[PDB]
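1. This one's a deposited entry, sequence included:
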Amino acid sequence: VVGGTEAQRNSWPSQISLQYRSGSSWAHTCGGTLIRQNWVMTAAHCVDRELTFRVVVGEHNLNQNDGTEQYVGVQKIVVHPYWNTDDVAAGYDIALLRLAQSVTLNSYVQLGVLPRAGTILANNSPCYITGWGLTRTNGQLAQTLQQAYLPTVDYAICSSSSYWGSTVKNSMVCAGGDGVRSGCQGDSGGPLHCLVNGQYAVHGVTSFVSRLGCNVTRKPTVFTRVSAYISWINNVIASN
Ligand SMILES: [Cl-]
C-alpha cells in the first residue's frame, strides 16, 4: 500500500497474508479475505504459480511475532473458471482457498462481510485498501499491515479514456487514483473495505495497478467486484 498508514491491529480482522514457501522460510505474496473459518477469498492471479501456499490469519507484522497469528495450509484452490492469466483486464480475478484447518475466530481473526450481490458503490464511496504490499512503486513490502483511504471511482469515470479505458470492466471496482495512495505489489488478493450503512464490507479483491506504477494519477487501483461473485462464491463453498 503506497501512502498508507499503519492499521490498528484489530481493525481489519478478515485480512490474511497468503504466503508461499521459499527455502526454509515463507514469503508473503498476496493478501486475501477470510470468508469462512476454512475459506479465503483472494485473487486468482495470486495462485497462478504452482507454489506451496499457506495462509496467516491474525497477522499484523510480517517480521515480528504478534502473538495472534494462526498458520494454516491451503488444502484446495478454486480459481474462477473464466480466469485467464494472460488477461487480467478480462476480470474473473478471484479464487477461493479451502484451508486445511478451520481457524479460530477472535478479535484478530474474523470473517469478512461481503456485499449483497449486484451492489455497486456510488462514485467517491469511502473505502480503505489494506495490505502488506509495496509501500512505494518498485519498493518493498510493508512489515506492518497498512491501510490507505481510497474512495471509489465509478465505472463511468474509471473506464473513461483518461482513466483505465476499456481495461476496466463493470465486474471491477476502481478506487483511489489520486497519485499518492494506492495498492501496490503484494496487496493483490486483499480486500477493499467500504463503509456502507455503517458497516465495512469487502467490496473488492485487489487485482491490478498500472504497469507505470502503483500510485499513478488517474490509474486507480482496480479490484475484482466482490458483489459480482456472490453466487459463484456460494456455489464453490457449497460444493466443496
Ligand atoms: Cl475485516
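-> Received the coordinates, thanks. Numbers count the residues shown, from 1 in each chain.

2. all strands for this protein, in order.
-> Per DSSP state E, the chain carries strands over the ranges 5-6, 15-22, 25-36, 39-42, 53-57, 70-79, 95-99, 127-131, 146-149, 152-153, 172-175, 191-196, 199-208, 221-225.

3. okay, those strands, which one's buried deepest?
-> For those, ranked by mean neighbour count under the definition mean count of other C-beta atoms under 10 Å, the leader is strand 221-225 at a mean of 30. Bear in mind the C-beta positions are built from the backbone N, C-alpha and C, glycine included.

4. Distance from that strand to the middle of the chain?
-> The chain centroid and the centroid of strand 221-225 are separated by 8 Å under C-alpha atoms, centre = their mean, to the nearest Å.

5. And for stretch 210-220?
-> Counting by C-alpha atoms, centre = their mean, stretch 210-220 is centred 17 Å from the centre of its parent chain.

6. what's the residue most central in space within the chain in contact with, if anything?
-> In the chain, the C-alpha closest to the average C-alpha coordinate belongs to residue 190, at a distance of 1.6 Å (C-alpha atoms, centre = their mean). Counting by C-beta atoms under 8 Å, 6 or more residues apart in numbering, residue 190 touches 15, 30-33, 42, 129-131, 133, 183, 205-206.

7. And for the residue of the chain at minimum distance from the ion, nearest residue in space, chain neighbours not counted?
-> Among the residues of the chain, residue 14 lies closest to the ion, at 3.4 Å counting by C-beta to the ion. Residue nearest to residue 14 in three dimensions, not counting chain neighbours: residue 112, with 3.2 Å by C-beta to C-beta, 6 or more residues apart in numbering.

8. So the one you found is in contact with residue 34, correct?
-> Yes. Checked against C-beta atoms under 8 Å, the pair residue 112 and residue 34 is within contact range at 6.0 Å.

9. between the two, what contacts are shared?
-> Residues touching both residue 112 and residue 34 by C-beta under 8 Å, 6+ apart: 14, 15.

10. and the top helix by length along the chain, which residues are buried?
-> Scanning the chain for the longest helix, with DSSP state H as the assignment, gives helix 230-239. For helix 230-239, the buried set under the neighbour-count rule, 16 or more other C-beta atoms under 10 Å, comprises 232, 233, 236, 237.

11. Stretch 89-107 now?
-> 89, 91, 92, 93, 94, 95, 96, 97, 98, 99, 103, 105.

12. care to break this protein down by domain?
-> Residue ranges for the domains of the chain, per curated CATH domains: 1-12+112-227, 13-111+228-240.

13. ok, which residues in this structure are in contact with the ion?
-> Taking C-beta under 5 Å from the ion as the criterion, the chain approaches the ion at residues 12, 13, 14.

14. my guess is the first one contacts residue 202, does it?
-> No. Taking C-beta under 8 Å as the contact criterion, residue 12 and residue 202 are not neighbours in contact, 9.3 Å apart.

15. Please consider this matter closed, and thank you.
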